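Here's the letter readout for the chains.
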Amino acid sequence: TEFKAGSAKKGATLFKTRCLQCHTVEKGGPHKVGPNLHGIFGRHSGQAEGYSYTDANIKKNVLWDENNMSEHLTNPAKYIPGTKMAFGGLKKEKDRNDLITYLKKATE
Ligand code: HEC
């Protein structure tokens, strides 16, 4: 029950405002700026095995899931330091839930 009924529409724009530019998430799509995500939920990082990953994610390596994803957005700094990714944490948790829903839909 950690995930509540949220709407991806609100998170969809947040992704477009600060995520689509770096992550294409397109299926079989090429890699741009950051690695493409696809099924990363319930899986470990490095799945792309095609795009290099910051030493932190490689050495630290974290499991990605609906719960883990919320922690990444809440504090992406200490969570994965040493990477070229710099996303500001969102003070509102409700908005964060919608952002996860947008990528979660892509996993379908
Ligand atoms: C461009 C400036 C970025 C934006 C904005 C976002 N991400 Fe990113 N991300 C970026 C890079 C440089 C990397 C690769 C190096 C690394 O290991 O981090 C990443 C990586 C991720 C990952 C982890 C990699 C993996 O496990 O496969 C995740 C899951 C991730 N990024 C998520 C994410 C989200 C939630 C963002 C928008 C909502 C987002 N990133 C923006 C660069 C950039």
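Reading guide: rules and limits
- Numbers given for residues start from 1 on each chain and follow the written sequence, which can depart from the numbering in the entry; residues without coordinates are excluded.
- Processing note: side-chain calculations cover all non-hydrogen atoms of the structure and skip hydrogens and water entirely.
- UniProt positions are given in the numbering used here, feature names are shortened, and annotations may be inferred rather than shown by experiment.
- Coordinating N, O and S atoms are those within 2.8 Å of the metal (3.2 Å for Na, K and Ca), and as water is not part of the atoms, a site may appear to have fewer donors than expected.
- Every geometry call rests on angle ranges, with four donors termed tetrahedral when all angles are between 85 and 135 degrees, four termed square planar and six termed octahedral when opposite donors are over 155 degrees apart and all others are between 65 and 115, and everything else termed irregular.
- The secondary structure listing takes helices from DSSP runs of H or I that are at least 4 residues long and strands from runs of E that are at least 2 residues long, numbered from the N terminus.
- Note on terminology: a nonpolar core comprises buried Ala, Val, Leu, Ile, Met, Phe, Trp, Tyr and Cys residues joined through side-chain atoms within 4.5 Å.
- Buried means the residue's accessible area, taken with a 1.4 Å probe over protein chains only, is under 20% of the maximum for its type, while exposed means over 50%, and partly exposed covers the values in between.
- A contact between two residues is defined here by any heavy atoms of the two lying within 4.5 Å.

- Labelled according to the PDB entry, the protein appears under the name Cytochrome c iso-1, originating from Saccharomyces cerevisiae.
- UniProt lists a comment for the protein under the heading Subcellular location, and it reads "Mitochondrion intermembrane space".
- Of the protein, the UniProt comment under Sequence similarities reads exactly: "Belongs to the cytochrome c family."

## Remarks on the coordination of the iron atom of the ligand
Part 1: Surrounding the iron atom of the ligand are the protein donor atoms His-23 (NE2) and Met-85 (SD), at 2.1 to 2.4 Å.
Part 2: Its six donor atoms give the iron atom of the ligand angles of 89 to 180° at the centre, a pattern that matches the octahedral case. Pair noted here: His-23 is in the loop between α1 (8-18) and β1 (43-44) and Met-85 is in the loop between α4 (76-79) and α5 (93-107), with a separation of 62 residues, a long-range link.

## Focus on the nonpolar core
Part 1: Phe-15, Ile-40, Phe-41, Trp-64, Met-69 and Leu-103 are the most contacted members of the largest nonpolar core, which totals 16 residues.
Part 2: Mapped onto this core, the elements with two or more residues apiece are α3 (66-74) and α5.
Part 3: Tallying contributions element by element places α5 first for this core, with three residues.
Part 4: The contact partners of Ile-40, leaving out residues within four places of it in the chain, are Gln-47, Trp-64 and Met-69.

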